[PDB]
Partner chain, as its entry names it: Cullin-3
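Only one chain comes next, encoded as C-alpha cells, the form deposited without the partner chain.
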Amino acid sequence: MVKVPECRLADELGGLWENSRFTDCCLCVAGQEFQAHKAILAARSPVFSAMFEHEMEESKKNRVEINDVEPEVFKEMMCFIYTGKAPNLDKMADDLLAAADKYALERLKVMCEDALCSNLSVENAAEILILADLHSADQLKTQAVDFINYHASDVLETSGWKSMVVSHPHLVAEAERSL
C-alpha cells in the first residue's frame, strides 16, 4: 500500500564530497587540492584511518600529500569512498585496482577484479596475471590462471606470455602447478 522511496544515503554523501561542505581536511594530488571529511575516509579506509589517528603532526595542517595516484583515478576512488560506486571504473580498472590496493578498499578492489576478468583475452592474459599478483587480487589471479590453462595453446604464442616467462618465472610456476 505505502510506497517507501529509494534510499538516498549514498548520493547525499556524494553531495558532501562534490560541494565540499563541512570539510575538515585537504588532499593534494599532483598540485590539485580536494577538501574531504576525516571521519568518512577513516570509516571507509584503514589506511586513511591510521593516517589521521596516528600520523598527522599539527604542522601538516590536516593536509595529505598524495604521490601514488593519478588525479582522475583518485577522483574515482574518492567517489567510491563516499558513495560505494565507481561509474567510470571500466576506463581505469588497472590503476583503480592499484589505488584500492594502496588504500585498502577491499570491495573496490574486487569491483576492479571483476571488470578486468571480463576483459581477459589471449593477448592480455599474462599482463593481467602480473597485475593481479602485483596487487594481491586473489579472485583475479585465479581467474587469469584458469583462463591461461583453458587457452594455453594460443597464449604461449603471445609476446606477453613470452615476456612474462623471463620477467616473472614464479608465476609460470604457479600456473603449471595448477595441474
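The term rigid core refers to the most C-alpha atoms you can superpose between the two forms while keeping them within 1.5 Å. Shifts are known only where both forms have a C-alpha. Numbering follows the first chain given and starts at 1.
Just so it is clear, the following notes concern the form deposited with the partner chain bound, a form of the same protein that is not shown.
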(request) Assess the spot marked by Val47, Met51 and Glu57: is the partner chain within 4.5 Å of a heavy atom from every one of these residues in the deposited bound form? (result) yes
(request) Would you check, heavy atoms only and a 4.5 Å threshold, whether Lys91 touches the partner chain in the deposited bound form? (result) no
(request) May I ask you to state whether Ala98 is within 4.5 Å of the partner chain in the deposited bound form, using heavy atom distances? (result) yes
(message) Does any part of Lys109 reach within 4.5 Å of the partner chain in the deposited bound form? Heavy atoms only, please.
(response) yes
(message) So in the deposited bound form, is the partner chain close enough to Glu65 to count as touching (4.5 Å, heavy atoms)?
(response) yes
(request) Pick out the one residue among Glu65, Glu53, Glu33, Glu57 whose C-alpha shifts by 2 Å or more between the shown form and the other one, once the rigid core is superposed. (result) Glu57
(request) Just say closer or farther for the C-alpha distance from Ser59 to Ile40 in the deposited bound form, relative to the shown form; it changes by 3 Å or more. (result) closer
(request) Pin down for me whether the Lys60-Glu65 Cα distance shrinks or grows in the deposited bound form relative to this form (closer or farther, change of 3 Å or more). (result) farther
(message) Please list, in sequence order, every run of 3 or more consecutive shared residues whose CA atoms are displaced by 2 Å or more between the shown form and the other one on a core superposition.
(response) 55-60
